[PDB]
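> here's my sequence, what's the structure:
(chains A and B)
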Amino acid sequence: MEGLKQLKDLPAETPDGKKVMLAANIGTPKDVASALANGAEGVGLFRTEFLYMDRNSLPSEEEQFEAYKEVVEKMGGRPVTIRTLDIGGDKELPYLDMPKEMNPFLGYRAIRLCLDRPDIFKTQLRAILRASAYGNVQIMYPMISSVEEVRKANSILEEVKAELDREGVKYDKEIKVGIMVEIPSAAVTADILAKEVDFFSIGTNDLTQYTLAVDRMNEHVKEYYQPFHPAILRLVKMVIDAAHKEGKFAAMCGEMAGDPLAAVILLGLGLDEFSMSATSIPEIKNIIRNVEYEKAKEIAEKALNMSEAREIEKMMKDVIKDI
Amino acid sequence: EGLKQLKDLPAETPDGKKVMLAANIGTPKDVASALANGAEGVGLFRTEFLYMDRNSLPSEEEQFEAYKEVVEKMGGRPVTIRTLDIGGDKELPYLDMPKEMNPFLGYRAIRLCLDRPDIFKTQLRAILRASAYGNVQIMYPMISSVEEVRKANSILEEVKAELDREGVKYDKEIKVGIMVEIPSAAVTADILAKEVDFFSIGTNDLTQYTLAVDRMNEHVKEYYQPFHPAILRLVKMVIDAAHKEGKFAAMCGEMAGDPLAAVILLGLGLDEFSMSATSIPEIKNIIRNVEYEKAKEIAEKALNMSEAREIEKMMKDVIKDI
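Numbers count the residues shown, from 1 in each chain, chains lettered A, B, ... in the order given. This is the structure:
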């Protein structure tokens, strides 16, 4: 159990040899310095909303390319998982002419908006592909409910690769493309999805809201938001096993991956990559390095055996005290 | 074969598997059509009519008379009454519901009831009293967890006790179950099964929540896909879990009245299909013309597919074969 300075370049590896990747969640190129300072082994989630927010026009391909390239370069070969536009009309960005909706979190947002406006989508995919020439880039589509949507998005991505091929512009021909798991059907169908994605990243904040049908930002029902509800851990297990079966990796970029309480459970379920606010890295690292993977599997099994979030919460608190 | 003939015939497969066909009603007036169509019960008595287009809450007495009416007219057939199932998207001046960004994921239905137990008790007292007059079940909507079921029952039990102290009769064996619509309820159906008398699958809302789509939103209505394999897998999870505990599984979502789904639902072992009255004969006709042994094979096939469009194409074929 050690200090930050010492932990920085030590691996997140249990005493019995299981290693996991601890990576950072960022929302602007400026977040990279902190990320490296805490020993981030990649970016598990580069949110790209910053390029569309606080302005009255679409970000140009050039502008996005520069921001993506910056991060990719600075991470020095470490994987950078760029999530495509994941914005809905709940965010007032007038130039996007979003429709006024009763339930925006259930509406025309993210991948749905991108599929309906392939022009916007193409511009972003071209910037990401161009940036992949300079480092280790993965693409993550959000808001995916079905393998049919992944097919539609990849057909647009293939269209963009071919323009780039025509133009003599370089990109990583082997670029990895996965999806964020947040719509419940994506976890319920991960076996079907796992055949056509390169990885999954579990957006647990969003998955919890959809699965428990709760808007966590609604003050009148915030208590219904319970990430430790057994349904959430069951969906996570489903997603991880399904990735693994097809030989693909499972990451988690939801808040839960940076929560000390969840660490041993995640480790035991076999999560491959934990992605989180950079300052959380050392804390989860200390946990993984001090808990045997065999014992973590056992803890995850016990947690999976429980019927109530609060019992799971209480047990994890005990596990973390025991150290 | 024709409607007249079908009315009194059971929805039983040629190989002997009987299921229950029931009606969804929205107001006591709906009972006539239900019976005219051979309804064997009411699988969903929506109670929103009692709260809408008015200036204050419906009294226990107004509710009890409406519940009593349907319960009596159903002559012994089970009437499943769903407790208040709405939120602030509604026209409910008198409640001062909060403005909400996503009301469908908000302060509605059981959550309103738990926070307003004054409202919940009035309705549960009316239902319990109506239960002395016939065959009544209680269904709580918008359940995400077994803890919520316990909270609701705790209130039910305190009303039962008020009624006891007051000398008022109610069915002491009244069955209480839940509508399965929030995905976590299907995913944890095994846990819930130990604490509910039955499950009724609300496929319309289950589909919207599972696919994260508001089907009333024109801009994304194409994302609403009741035949996505996730929906079928969740329906199976629920039926299987109920049955392992010796409990029954009903379906009151639109899918239950859909001819394309009938054979799948049948082969999945669904026990009760509840639907708009006029849809009853059409489903009965299908159930009466397909062997359950065949239906199980067909449900297996559908469960092994990967795309809604393919399941739908297959079910169109099945329906033609007749």
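> doesn't residue A:275 belong to a strand?
Yes. Assigned with DSSP: H, G, I helix; E, B strand; the rest coil, residue A:275 falls within a strand.
> how many other residues sit next to it?
The criterion is other C-beta atoms under 10 Å in any protein chain shown. On that basis, residue A:275 has 28 neighbouring residues. No exception for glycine: its C-beta is placed from N, CA and C like everyone else's.
> ok, what's across the strand from it?
residue A:23 (DSSP bridges).
> next up, the contacts around it.
Under the criterion of C-beta atoms under 8 Å, 6 or more residues apart in numbering or on different chains, the contact partners of residue A:275 comprise A:22-25, A:42-45, A:81, A:201, A:251-253, A:257.
> and the helix or strand hosting residue A:165 with helix B:308-321, angle?
Assignment of secondary structure by DSSP states H and E places residue A:165 within helix A:147-167. When axes from the mean of the first three to the mean of the last three C-alpha atoms, to 10 degrees is applied, the directions of helix A:147-167 and helix B:308-321 differ by 130 degrees.
> tell me the buried residues in helix A:147-167?
Within helix A:147-167, the residues that qualify as buried are A:147-150, A:152-154, A:157, A:160-161, A:164, counting by 16 or more other C-beta atoms under 10 Å in any protein chain shown.
> same check, this time on stretch A:14-27
If you call a residue buried by 16+ other C-beta under 10 Å, then stretch A:14-27 has these buried ones: A:14, A:18, A:20-26.
> that older thread, contacting chain B as well, which ones from the buried residues of helix A:147-167?
Here is what survives when those are matched to chain B using C-beta under 8 Å from any C-beta of the partner chain: A:147-148.
> nearest to residue A:86, of the buried residues of helix A:147-167?
residue A:153 (12.8 Å; C-beta to C-beta).
> the closest one contacts residue A:114, doesn't it?
Yes. Contact status for residue A:153 versus residue A:114: in contact at 7.4 Å, counting by C-beta atoms under 8 Å.
> hey, what's in contact with both of those two?
A:121, A:141.
> leaving out the residues flanking it, which one is nearest to residue A:267?
Nearest non-adjacent residue to residue A:267, counting by C-beta to C-beta, 6 or more residues apart in numbering or on different chains: residue A:296, 4.4 Å away.
> can I get the contacts of residue A:275 in a markdown table with secondary structure and distance to residue A:122?
Rendered in a markdown table, the data for those read as follows (DSSP: H, G, I helix; E, B strand; the rest coil; distance: C-beta to C-beta, whole Å):
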| residue | secondary structure | distance to residue A:122 |
| --- | --- | --- |
| A:22 | strand | 33 |
| A:23 | strand | 27 |
| A:24 | strand | 28 |
| A:25 | strand | 26 |
| A:42 | coil | 26 |
| A:43 | strand | 23 |
| A:44 | strand | 25 |
| A:45 | strand | 22 |
| A:81 | strand | 20 |
| A:201 | strand | 23 |
| A:251 | strand | 26 |
| A:252 | strand | 29 |
| A:253 | coil | 25 |
| A:257 | helix | 31 |
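> which one among those gets closest to residue A:292?
Checking those against residue A:292 with C-beta to C-beta, the nearest one is residue A:22 at 17.9 Å.
> just checking, the closest one touches residue A:43?
No. Applying C-beta under 8 Å, one finds residue A:22 not in contact with residue A:43, separated by 11.4 Å.
> on that earlier part again, the residue nearest to residue A:267 belongs to a helix?
Yes. When three-state DSSP is applied, residue A:296 is found to be in a helix.
> can you give me the strands for the stretch 151-300 of chain A?
When secondary structure is read from DSSP state E, counting those that start in this stretch, the stretch 151-300 of chain A shows strands at A:176-181, A:199-202, A:249-252, A:273-276.
> now render these as CSV, adding distance to residue A:49.
Below are the strands of the stretch 151-300 of chain A laid out as CSV (distance: least, C-beta to C-beta, whole Å):
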stretch, distance to residue A:49
strand A:176-181, 13
strand A:199-202, 16
strand A:249-252, 19
strand A:273-276, 16
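> what does the stretch 151-300 of chain A put close to chain B?
With C-beta under 8 Å from any C-beta as the criterion, the stretch 151-300 of chain A comes near chain B at residues A:182-185, A:188-189, A:192, A:209-215, A:217-221, A:224, A:226, A:229-232, A:234-235.
> please pick the buried ones from these.
Buried subset of those (neighbour count, 16+ other C-beta under 10 Å): A:182-185, A:188-189, A:192, A:209-215, A:217-218, A:220-221, A:224, A:226, A:229-232, A:234-235.
> now do stretch A:51-63: distance from first to last residue.
8 Å (C-alpha to C-alpha, to the nearest Å).
> list of residues touching it?
Contacting residues not belonging to stretch A:51-63 are listed as A:64, A:67, A:85, A:87, A:91, A:93-96, A:120, A:123, A:126-127, A:130 [C-beta under 8 Å, 6+ apart].
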